[PDB]
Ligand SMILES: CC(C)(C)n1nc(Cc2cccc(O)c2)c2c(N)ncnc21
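Consider the single chain below, provided in structure tokens and representing the form solved without this ligand.
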């Protein structure tokens, strides 16, 4: 009996509703103000998920908040890619049961090319045959995939933590196979998939940052925590002070 997977599966967040009035015409301001609200709500869930992760309260308290606040985009995109694959066979974007994106909403949001990228990512889940155990490990692993170039308050704890999640992923892959190249292939595949979440998250950091700057001119609302994170933390990523941790060089 695997204690690590039990935990990952126990703490997985439920459904989060976007609060969207689907009875509105699909306007830009309204799709975007709703996505923002989805962001702010999902944040609360990510925090409590992250805090109930194995080894996590180990990290220094400020590092705990830092790594949540750099990594959120990556996490939410990956999950949403999954929700999309499990429900709507990847065909649309399952932001929340009350906020699914069709083509038309992908154009109206004005972030059409990002949505296409998110859709693709979503499809990889099918193409690779990602099991729910792989999904869960990879997603938790994503929490420790982006950090300040000049390290964290307790970087050693962090590096140990991350190493452990990597080895746990290797475990979920390997406790079921036989032939030799099989487990190499697969691990290569997942490290590549995990890597590819980063340029997408980066496109979306740019996007939302831009939006926030021009939100008064455009009637898009940003909730308190989303405002703050996007103006304090995202800029550290955009300017290159915080950076992802790739497995492979691009």
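Residue numbers count along the first chain shown, from 1.
Below: the form deposited with this ligand bound, not depicted.
At a distance threshold of 4.5 angstroms between non-hydrogen atoms, residue 225 is in contact with this ligand in the deposited complex. Within 4.5 Å of some heavy atom of this ligand in the deposited complex lies at least one heavy atom of residue 43.
Not displayed here, this ligand is kept clear of residue 194 by more than 4.5 Å at the level of heavy atoms in the deposited complex. Contact between residue 51 and this ligand in the deposited complex is found at the 4.5 Å heavy atom cutoff. Three-residue candidate spot 47, 69 and 229; every residue lies within 4.5 angstroms of this ligand in the deposited complex by at least one non-hydrogen atom. With contact defined as any non-hydrogen atom lying within 4.5 angstroms of this ligand in the deposited complex, the contacting residues in 51-66 are 51, 61, 65, given in sequence order.
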